[PDB]
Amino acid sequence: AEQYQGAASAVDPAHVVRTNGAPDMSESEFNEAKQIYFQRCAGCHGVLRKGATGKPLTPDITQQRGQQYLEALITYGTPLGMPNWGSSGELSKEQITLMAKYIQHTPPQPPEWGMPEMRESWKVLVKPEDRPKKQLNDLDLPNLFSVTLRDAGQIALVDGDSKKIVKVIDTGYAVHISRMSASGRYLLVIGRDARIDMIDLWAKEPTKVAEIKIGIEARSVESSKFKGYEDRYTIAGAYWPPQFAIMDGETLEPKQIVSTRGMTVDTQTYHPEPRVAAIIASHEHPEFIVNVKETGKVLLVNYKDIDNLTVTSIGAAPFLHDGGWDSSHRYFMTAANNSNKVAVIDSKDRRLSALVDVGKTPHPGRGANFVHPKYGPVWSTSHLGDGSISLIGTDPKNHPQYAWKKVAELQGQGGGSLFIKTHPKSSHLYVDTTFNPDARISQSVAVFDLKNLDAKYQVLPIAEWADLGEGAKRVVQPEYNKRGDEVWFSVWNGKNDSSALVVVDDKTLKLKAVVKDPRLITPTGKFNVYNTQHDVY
């Protein structure tokens, strides 16, 4: 067996390259720069630097540019998305020098996270046997609102009708979203630290029954929703490591782990860090629809047989991020934000229906579906790069002329928008502008009359209605209640500042309530149980 595997490797030694020629930096210096890199740069440039949103920062490129090009670029930034760390005064000349030296070295390697680590992190707090057989409290679970108290690493269940915080549960740091099990009993939350918590809404007092950590960093979680699979499996995508994990939908036991490392859809070259973004459960087949960002692939992971996984890798467009179902729940309208496109994934026929060109940096969230008087059923989205609102036709059967076309546009307060919203019972369309550099715009939301779309929008002074005092008071993500007569908004203020949840009477557009509480720290995402569980948007 020794002489058999004894012939030379076909790989040419000359072409295998050693890495160096980097400026010398001590342990203290290298760590200070490493800490800055993850607190300030990692989000956009990635953990490895092959590059996300912007150009790669690998040694081959950085050393080519040299110390000074790097110091200067980091110092003033660029008009294409790269913040000015020097001019703004964010970082010192000394620090920027350190970062320029740092990016000239081989990127340090973060740990991997396989089954051993997963199982070690897996915990069953309350076994399925020991869990109640019926609802042991008199809460109106369907109208409950799971609110993320970001910096607190908790979530608060707010009663829809009473406007009170019914329970505060400790979770992973800065939970990114909440999702509901198909049965409507379990609430699944995932922190950016990849920590998932499963919460039983039937317990006397809603409590965590299981937990697990599926990676170092993550964003999405979902539950199986195909007929005959209620609470069967639970999936979660991770940023690092580039992977997603399928787990038991009852105990959260890790079953399968799949690497999303691979070839890009555009250049068809290898990308060592294709982060997993949105994940939505199919209703057409027993599959999960996974978005793989950097490679721009939409994976149809079939869980009919989890031991021998079948995945259909559909090419879309680079930088897939968020998105949601069309009115019929068959077409996944997802946004390839830095490509300025919205990919239409047919979950039934399992193929890319079309690539719709939209405004700069679309950010639909899960989007807004409504029937246009002239264009029929459409799905809409606002943007981060401009104040447009794209309306895309979603009816190939009865409206072929408008299917997959940016049929019309609306104009909002400006760019920096994050979430557009509406409801089957509502006649209004809201658009927030959370990251708009103007304080007044970023603290208010635009509202359109669906019954008269030619009319300009109305501006609701959300943050002002909260009456909180100092702070940026950024408003974010409109969200209806089960009956669709009220729309909730989060007044995302600092951790040491005061925050609130503003409710609006959708019928009159008048302030209805304001939820304040010392525990309501940095409220961001809000997810009404029913509307979330049944994809009502």
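Note that residue numbering follows the sequence shown and begins at 1. Only the largest set of C-alpha atoms that superpose within 1.5 Å between the two forms is called the rigid core.
When the other structures are laid on the shown form by the rigid core, the stretch among 504 to 512 and 36 to 44 with the greater C-alpha deviation in 6 other deposited structures of this protein turns out to be 36 to 44. Stretch 357 to 365 is the one, of 357 to 365 and 288 to 296, whose CA positions lie farther from the shown form in 6 other deposited structures of this protein once all structures are superposed by the rigid core.
Taking the PDB entry as given, 87 to 95 carries the higher mean Cα B factor of the two stretches 87 to 95 and 403 to 411. Averaged over their C-alpha atoms, the temperature factors of 259 to 267 and 282 to 290 are higher for 282 to 290.
Within the group 341, 383, 179, 204, the record's highest C-alpha temperature factor is found at 204. Highest C-alpha temperature factor among 422, 162, 146, 433, as the PDB entry reports it: 162. Among the modelled residues of the chain, residue 516 sits in the middle third by CA temperature factor in this PDB entry. Per the deposited record, the Cα B-factor of residue 69 falls in the middle third when ranked against the other modelled residues of its chain.
Sort the modelled residues of the chain by CA B factor and residue 76 lands in the highest third.
Among the modelled residues of the chain, residue 492 sits in the middle third by CA temperature factor in this PDB entry.
Among the modelled residues of the chain, residue 58 sits in the middle third by CA temperature factor in this PDB entry.
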